[PDB]
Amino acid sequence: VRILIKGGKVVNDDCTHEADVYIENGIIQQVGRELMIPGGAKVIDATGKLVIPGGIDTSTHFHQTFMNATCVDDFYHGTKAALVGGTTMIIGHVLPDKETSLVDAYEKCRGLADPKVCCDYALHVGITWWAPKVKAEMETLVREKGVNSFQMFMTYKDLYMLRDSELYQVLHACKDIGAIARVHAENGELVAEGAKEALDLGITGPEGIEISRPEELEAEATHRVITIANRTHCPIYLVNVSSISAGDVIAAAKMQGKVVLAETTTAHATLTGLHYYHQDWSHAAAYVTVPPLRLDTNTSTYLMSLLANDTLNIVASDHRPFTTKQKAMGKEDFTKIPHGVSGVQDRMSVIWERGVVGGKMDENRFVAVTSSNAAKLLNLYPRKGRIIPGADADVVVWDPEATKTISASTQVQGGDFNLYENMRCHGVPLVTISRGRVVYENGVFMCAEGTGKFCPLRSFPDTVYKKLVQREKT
């Protein structure tokens, strides 16, 4: 399959230039103004369009059972939805139950994904308890199974939560093997007490998700894990950053030279918690995730600014849709509403609209936060996240002058609601190319299940570790 993308502007995270792109055998072969190529190529007319690295979504939960509900999208449907939305790689989550094997949970995931994915992928592994067995398994995963990133929780007391002593040991273990420590930082003791107290106060509706875990619980846990990480000399990556208070902690730490990276989600960057107070229970429940969307109307604008200014590095969907019927497990008790929202298909368009069209960042910074920063952290740059010769041919022809009104009735991602219903969004993937084949064009998707491949992720990504390895020389 030989593809010539003609007439567009190549947009990488560093700059934009007019150039044609020639793809063959899964790889970008040439980029330049006037290309000499063999005849017979599929020609895509990208006049007026931007030719960008396909999106890399660093947080997705295809096929995951969580809080007794099973995500509506499996690996085929999730990756299809990602491609239609202009994302060409997904990183999925493995979440072993406490005191169960990390490797078994990883293998189960590999089995669900390998025969089904439409696009390239890799996996983060959840560290949900600690013991010498767990440490050995971390070493195995990094050495043999193409993992370089672990996910920890400071919340979910009695299910997934790690205590300070255990985080210390975890982070020490991650740095010794060159892994990235992702952490969900909310104070789990206080979250547990807050939910019990909210229920006692008769707050049983979805707004309990906000009331029971005010932002100071995030700011506190964020401060604490950054301190633990600085003492262990481990790089720390905060996830689902949701609040001004937490953002301010991260910015203060970075100011002091601490080795801190952070991700937010589309929803936290663009939506407010007023959705929890909607008159329709089902609408309100669809927005329930953690940390929750905050009521302060300035929060989404602030987080967008931080994404533009590199206080936050990366934006992910955190895609974990449930049906209305599954969400309704919590109809009489908000603590049982399963945490999760839809977004894998929405991410690129929503961030283009609120970020770029809204004047918060430019097109190059859009590429950085949707693909290039992630590729770097993943140790896959410039194989991914960059339009250059030699890179993987994961490419999106992006129409910056098309709008689509977003609606659940027209989406292919799972869920009964779309969080961005009726939003007019001015940026559209016109063509999605994955592994050097057109998989989405003229509004039609086509790609066989299992076409995508697992991409092993190598330890010690320079973007983080070159600096750290140098500090420890003294």
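Start at 1 with the first residue shown and count on from there.
(Q) If you average the CA temperature factors as listed in the entry, which stretch comes out higher, 426 to 434 or 409 to 417? (A) Comparing 409 to 417 with 426 to 434, the higher average CA B-factor belongs to 409 to 417.
**Q.** Of 253 to 261 and 386 to 394, the stretch whose C-alpha atoms average the higher B-factor in the entry
**A.** 253 to 261 has the higher mean C-alpha B-factor.
Q.
Highest recorded C-alpha temperature factor, please, choosing from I28, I52, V439, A448.
A. Of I28, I52, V439, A448, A448 has the highest C-alpha B-factor.
Q) Which one of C234, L274, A269, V147 shows the biggest C-alpha B-factor in the PDB entry? A) Among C234, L274, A269, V147, the highest C-alpha B-factor in the entry belongs to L274.
Q: For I56, return the chain-relative third of its C-alpha B-factor as stated in the PDB record: lowest, middle or highest.
A: For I56, whose C-alpha B-factor we compare with every modelled residue in the chain, the answer is the lowest third.
Q) Based on the entry's values, in what third of the chain does the Cα temperature factor of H223 lie: lowest, middle or highest? A) Its C-alpha B-factor, which the entry lists for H223, ranks in the lowest third among residues of this chain.
Q: Consider only the C-alpha atoms of the modelled residues in this chain, order them by B-factor as the entry records it, and name the third containing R294: lowest, middle or highest.
A: Middle third of the chain for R294's C-alpha B-factor.
(Q) By the recorded C-alpha temperature factor, relative to the other modelled residues in its chain, which third is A19 in? (A) Middle third - that is where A19 ends up once the chain's C-alpha B-factors are sorted.
Q) By its CA B factor, does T79 count among the lowest, middle or highest third of the modelled residues in the chain? A) According to the entry, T79 has a C-alpha B-factor in the chain's middle third.
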